[PDB]
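What follows is a set of notes on a single structure, which appears directly below.
Protein chains in written order, with the authors' numbering: chain B, 230 to 243; chain A, 1 to 172.
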């Protein structure tokens, strides 16, 4: 869907 | 009428403000436990000079199978040298960065830098293994790579006067 969206290998620190 | 310089002047104070705050936060530690570093935010702002692009790329999404170039970003925050890989969001963000990083040792201020820590699903399929071509997964260290989105702005200081302002305002 999106490069850093659902199905990414990396999630934002929060 | 609002003048377009006010955009350049808002990011002037926005970059320098978020620089002081996050620079201190990075010296202190990126999220001490459950949000307790210093100023715990998703996006930061810092200054460094361009090192190199690494020949290798990072798989950022499994569903659509896209890899992004590595922009090596090391800088000494206080005492520690934070050495992490600057990433781009889209192909448009990757290409603007590689066209911008034409000058080596290019001292710029990366604004709105959104940090992404690597992870994946963990419970295993145990089924539909017919798709497998005999390849057991190797052990990868879950590092945090500093993503640059389309909201990010990389401000090039051709001189050292803005660098001067920032380092003397933050202090270490």
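Note that the Cβ used here is the ideal one computed from N, Cα and C, for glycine as well.
Where does residue i sit, in a helix, a strand or coil, going by DSSP?
i: residue 189(A); result: Residue 189(A) is absent from the model: chain A starts at 1 and stops at 172.
i: residue 83(A); result: strand
i: residue 60(A); result: strand
i: residue 233(B); result: coil
i: residue 54(A); result: strand
i: residue 184(A); result: The question about residue 184(A) has no answer, for chain A in this structure spans 1 to 172.
i: residue 70(A); result: strand
Do residue i and residue j have their C-beta atoms within less than 8 Å of each other?
i: residue 147(A); j: residue 233(B); result: yes
i: residue 25(A); j: residue 35(A); result: no
i: residue 90(A); j: residue 43(A); result: no
Report buried or exposed for residue i, applying the criterion of at least 16 other Cβ atoms within 10 angstroms of its Cβ.
i: residue 73(A); result: buried
i: residue 105(A); result: exposed
i: residue 168(A); result: exposed
i: residue 131(A); result: exposed
i: residue 45(A); result: buried
i: residue 22(A); result: buried
i: residue 102(A); result: exposed
Cα separation between residue i and residue j?
i: residue 114(A); j: residue 30(A); result: 12 Å
i: residue 12(A); j: residue 80(A); result: 26 Å
i: residue 236(B); j: residue 63(A); result: 6 Å
i: residue 129(A); j: residue 139(A); result: 20 Å
i: residue 86(A); j: residue 94(A); result: 10 Å
i: residue 172(A); j: residue 28(A); result: 12 Å
i: residue 122(A); j: residue 61(A); result: 16 Å
i: residue 242(B); j: residue 84(A); result: 14 Å
Have a look at the DSSP bridge pairing and note the partners of residue i.
i: residue 148(A); result: 88(A)
i: residue 46(A); result: 110(A)
i: residue 240(B); result: 117(A)
i: residue 77(A); result: 80(A)
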